Amino acid sequence: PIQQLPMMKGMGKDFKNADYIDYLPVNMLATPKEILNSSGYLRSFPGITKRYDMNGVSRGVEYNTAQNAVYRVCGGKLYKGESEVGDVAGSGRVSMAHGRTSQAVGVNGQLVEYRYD
Amino acid sequence: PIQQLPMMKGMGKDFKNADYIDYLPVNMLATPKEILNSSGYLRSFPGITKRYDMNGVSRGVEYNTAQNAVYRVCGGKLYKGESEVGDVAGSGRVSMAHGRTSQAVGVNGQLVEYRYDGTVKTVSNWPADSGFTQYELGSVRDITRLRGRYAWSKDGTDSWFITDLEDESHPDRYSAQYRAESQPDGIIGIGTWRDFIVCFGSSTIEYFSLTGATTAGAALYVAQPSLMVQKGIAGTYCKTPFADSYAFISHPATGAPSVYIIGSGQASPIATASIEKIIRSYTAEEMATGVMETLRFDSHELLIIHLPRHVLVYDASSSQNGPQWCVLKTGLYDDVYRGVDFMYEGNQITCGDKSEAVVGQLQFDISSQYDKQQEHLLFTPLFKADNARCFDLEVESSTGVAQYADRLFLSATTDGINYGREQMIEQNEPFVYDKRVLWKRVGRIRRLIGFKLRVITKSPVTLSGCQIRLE
Amino acid sequence: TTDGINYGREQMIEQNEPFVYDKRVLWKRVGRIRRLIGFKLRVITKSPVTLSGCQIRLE
Amino acid sequence: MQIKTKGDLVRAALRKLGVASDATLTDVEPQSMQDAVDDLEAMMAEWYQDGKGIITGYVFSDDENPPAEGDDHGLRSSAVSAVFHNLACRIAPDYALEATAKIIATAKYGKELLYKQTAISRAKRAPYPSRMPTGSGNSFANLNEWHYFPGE
Amino acid sequence: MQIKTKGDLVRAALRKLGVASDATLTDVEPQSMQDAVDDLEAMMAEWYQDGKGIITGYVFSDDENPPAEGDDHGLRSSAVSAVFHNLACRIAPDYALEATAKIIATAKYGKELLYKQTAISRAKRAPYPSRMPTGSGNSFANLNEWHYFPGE
Amino acid sequence: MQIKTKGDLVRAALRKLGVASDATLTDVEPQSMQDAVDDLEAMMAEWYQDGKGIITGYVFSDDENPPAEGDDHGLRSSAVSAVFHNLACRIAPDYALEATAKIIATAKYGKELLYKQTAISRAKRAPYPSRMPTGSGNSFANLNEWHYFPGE
Amino acid sequence: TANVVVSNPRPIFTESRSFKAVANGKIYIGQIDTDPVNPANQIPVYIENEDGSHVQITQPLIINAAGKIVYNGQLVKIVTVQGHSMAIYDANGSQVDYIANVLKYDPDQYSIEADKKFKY
Amino acid sequence: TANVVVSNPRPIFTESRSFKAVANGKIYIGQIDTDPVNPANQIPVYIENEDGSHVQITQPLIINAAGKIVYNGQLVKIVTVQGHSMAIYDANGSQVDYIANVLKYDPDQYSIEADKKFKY
Amino acid sequence: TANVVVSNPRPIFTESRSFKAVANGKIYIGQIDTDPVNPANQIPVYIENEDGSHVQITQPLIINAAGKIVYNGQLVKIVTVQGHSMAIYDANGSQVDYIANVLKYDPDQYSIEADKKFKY
């Protein structure tokens, strides 16, 4: 008797209240596909390789369609792609938006617009 | 036990990262039809025969219904069918449109119109002597024609201008400029859906409808926010009218690129994981240079995507078990396909060429592109058959129409990446309609097995009902 | 594990090998299930892991 | 004959079983071939019980010459079929297989035919017992005083 | 006869098995032909036990002759059916098939008919023992002092 | 013989069982070695009932040597097949398997062939009873009367 | 000093599963990744004689009983003009082997090669 | 002119003491003037499929009963960089052959320095 | 990502009419376009070690039962300074094969000729 054991999600008991909980796969993504008698596999989440050295921990990101680039607020600087194009104050998460003539950051209760000029 | 093996789409592993991918048939179209214990077969893509000689590589085509003839651009000339009727300057793909009195080509940022009397005009502002409004006419990216008016898009400014009814060589007298304006940027391409002017930008696709106003200066087009799509297009030629709406290739603005079809306010994905991986293998440039088109023959709803290294054909009439994609190629070593700019006229499907100053007519009783033989592949999905010891590989092939007793290379992979010994079996004969293509003794399947089924001919290949005796 | 919380003995099985595309990750002898059983299946690696088709013979 | 090596015998046995041959698209591993050669050597040594079993002319390879496959088996032309049929029957369980009825019957027939000539040669009658007289009709023996058979 | 070579015998065996015949729509496979010829050679060698088995007239190929196929088998007209039926029965398991009852019965009948004449020829009576008198009736022998049979 | 150690015997037994062999892509787990070696040692000790049972020359590993695996088995070339077939049959229930019919038959045949020669050796006839005379034929030259010399 | 290494230049063709030569088999060489038995796909071959006559012969190359190539019963050296696909058939006609792409340059005529390449 | 010879693809390895193919043999390919048995000196070795893609495989290459390279019992085309050393071991672990440099075994040696010291 | 197929560098000498090694064979290396059997036409011959040391040895090279060349009962690589003719004889003294000029050019004289003629 051959039996198939599902792996997309296990079941276990939380011992604090002894309650049935769903054991979620760690770093594993379920990809439905008819491979062989399985109908899906489980793939490791892709690894991260270093690309750039910024000013600090990342605080925001936004794909600027007006400039066809990516704006990242990491640490105390504002980055357009790789280059630094401004300075931002604060230490927490900031809000990002972009328009025709500016990239707007909401931070410290202030709407600071960095224009492309 | 006799087991039937599907051939419309195989399975395999990408040895670069050991991820499971599909194996698409090469130069083969899966035609769904109950033949005999099969329910579907596979037919070689029609071959190409020389029809006309032109000035250079094809750069655009359109069935001008106003003159009821096919207009082509090849090299530096504009052809109405077989006879040159103008001159086009440039080297890249050009945009095309046509109306009652002219054929418009968008090239080098100019809207150049070739009237049917022979006069060549160009779009430009009204002369300053008149009191008509003067606009900031920039470089023209894309063009289209609707309701007797040419609508074109400026180069990356979300601005599109419409011409004047009584003078197509000039914009509208008062109100010619329009903005989508519900997006930071994106005017990548333009078209007409039914009567809506559809502007495909980055991350957005907007529709514009006629207002019906009569006062001078008022806006003639109003945006329809209830019909817009929250997705972009990769390039100016990454879209085409497929079934009843526009099918396109998405832009990196909203995430990973894919192939979508517009529904009603939303985009339904058409590509699978393997197609998405193939698309992602390129860069933002080399997706933005892709070209999409649509072909129809024998109820074959083909959507063809040309990229620098792939040519992917999606069949909408044979997609009852998910998307059905095949790969076209020229030669025997995965070189890119040479046919381009398909268009049906008279009773023939005429196509251009991406590498020569020639035009083909897509013959159907051969599979050779300009007398050069072609390679077709038919991969079988992997399956676990521990100690199966299979026998009697039988494949149904329609034979008879051939110039030589063309053979077939059969091989089996055991790990899904590297194939093994190749055996040549005669798969066709000249004027012989009973052949029974079959290999008697196959080996013992250890853990997995897959079949390759490669064919190299100048004649059409019809295959169905692959079966084994597993025991 | 036999109760869903505490796991048992840990067995080390080669689930990958460089430039080998045919490995058959497999463990012959599993124990006798008294009441319940569950499997943990942990992998520590620098390389991608693709797992599917977990099957077992219950006799 | 076209079967001149132990590996040739193994290949013939595998072809008979249907696992691997010169026409299949998937072949067995050299490790599997070496295991089959080890089986053939073990079975042959079990048969040829140090010269007092099934005599076949089979030559046992030595470890000095490295590869057992590639050595001439030395069997006569009429022993090859029996040898490789029995070998296929013996190595069938390796692949979760079972030799078919024709293979089993042919193996039995071949083994019997192999031992037939040796059995005919070995069907020898023992000499007279040491207590039998030679009889007076043996004139020279009676005269020369060999009145009883020697025996042994 | 129109069956004159090992190739004709192999083709007849394959047709009887249904592997490759004009009754079906299959042609004889070149790689299967060589293996069938090897099996036929082995079966003839096993039958004909170097002269002490079944005498058929089969001619065994040598290493010098390049193609094993193409040589006349040399069988008499009355052994072809038995030879190719037994060949089909033996080479059926190669294709994971099983020969049918009619084929097996015909093979048995053919082998029995093949050995009938040789069995009749070998049904010979042993000479008289050397300890038997010739009897006084044999006047010639008794006068010539042949009082006992020579024997041996 | 290529099989020269208890490890080789165990590997051959597992390959017959279809548990750990290249033909199945499976490798031997390290803990399937020691258990099978213990089973083999127990079987051989049971057979060799302190010298009054089956004699094979098998070498019994001792306590001083740490690794039981990898020691030479010491069996003759005509015992290896029987030993490893019996080992596979014995260790099949460990994996909740069942040794197939061919393996069981080969095990029986091998054990019988193993004890055949020792049975021939032990088929000895007892000396003459304690109340026989030698007869005047023997006692006429030396007055032996009541003694049969234990020659052979 | 070391200038020339003595080696056997005569190729040997053997079977794919056994260490025995292809007794009187046939070789077809044609365009790469194709069916060499097709005369349209075949490419020219030349016997390179001891002097370099470079004489063109018919396509099906007959193998000796020793696994070597013969023509009129004489051992010959055979060269072609480009990379090729090679299909080797046994004596019976069964397919022994098929390789889609193989290209081993002639290690000979280096004097001519140097005269062609190097400027004076 | 014709400059590519029709040699034997899928080369054959043989025992050093008898005319027998090395069955179940092991091949290690390594750097120049080193022992390829040590994985540190082991260089990549790929297989060339019919589609042309080169797939690297594990280093100890298996030689079957025919003396040729097999991957999964199937003959494959094995490719590597120009400069490498070869170590051939038998099935019993004995040292069969050791070549410190393949390029030092061409039938000529003038070609190397004649190309390297002249001007093009 | 590779540019050469692995091959067996060592030369194997087999008979021309049959597939067996030239056991106890004789190799005679002599001047170009002459009989290497006669000692007058004979030329000096060296063995090249693994590291590169050259040792001049006697001319008639003994080919062991495996078809390979051994000097001290050990496989070696044999070199000559100049281009040569090669005669391979079997153990019975019969003529197995003859190459009148191995390289169809003499490297010894071509070295000075190229030095004096070609540019640097």
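Order of writing sets the chain letters: A, B, C, D, E, F, G, H and I. Residues in each chain are counted from 1.
One rule holds in what follows: a residue touches a chain if its C-beta (ideal position, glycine included) is under 8 Å from a C-beta of that chain, and two chains touch if they have at least 3 such contacts.
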Next item on the list: Determine the set of chains touching chain B that also touch chain F.
Entry: C, D
Item checked: Intersection of the contact lists for chain F and chain I -> none
Check: Whose Cα centre is nearest the centre of all Cα atoms in view?
Finding: H
Notebook entry, point to check: If you tally the C-beta contacts for C-H and for A-C, which one comes out higher?
Noted result: A-C
Checklist line | Whole-Å separation of chain centres (CA-atom averages), chain C against chain F | finding: 39
Item checked: Mean-CA-position distance for chain E and chain D (Å) -> 22
Next item on the list: Could you put a whole-Å number on the gap between the CA centroids of chain D and chain G?
Entry: 44
Next item on the list: Can you check how far apart chain D and chain F are, centre to centre, with Cα atoms defining each centre and the answer in Å?
Entry: 22
Next item on the list: Check each residue of chain I and list the ones that touch at least two other chains.
Entry: 5, 12, 14, 48, 77, 79, 102-103, 107, 110-111, 114, 118-119
Checklist line | Contacts with 2+ other chains: residues of chain A | finding: 35-37, 41, 43
Margin query: I need the residues of chain D touching at least two other chains; which ones are they?
Written below: 7, 18, 20-23, 26-29, 31, 34, 63, 68, 70, 95-96
Checklist line | Footprint of chain F on chain D - complex, ascending | finding: 28-29, 31-32, 34-35, 37-39, 41-43, 45-46, 48-50, 52-53, 60, 63, 68, 89-90, 92-96, 98-99
Next item on the list: In the complex, go through chain G and note every residue touching chain H.
Entry: 2-7, 9, 11-19, 27, 29, 33, 44-46, 48, 54, 61, 69, 77-84, 86, 97, 99-110, 114, 117-119
Next item on the list: State the interface residues of chain C toward chain F in the complex, per the touch definition above.
Entry: 22-24, 26-29, 57, 59
Checklist line | chain D contact footprint on chain B (complex, rising order) | finding: 386-387, 389, 391, 410-412, 414, 420-421, 423, 439-446, 449
Notebook entry, point to check: For the complex, which residues does chain E have touching chain B?
Noted result: 19-20, 24-26, 29, 32, 94-96
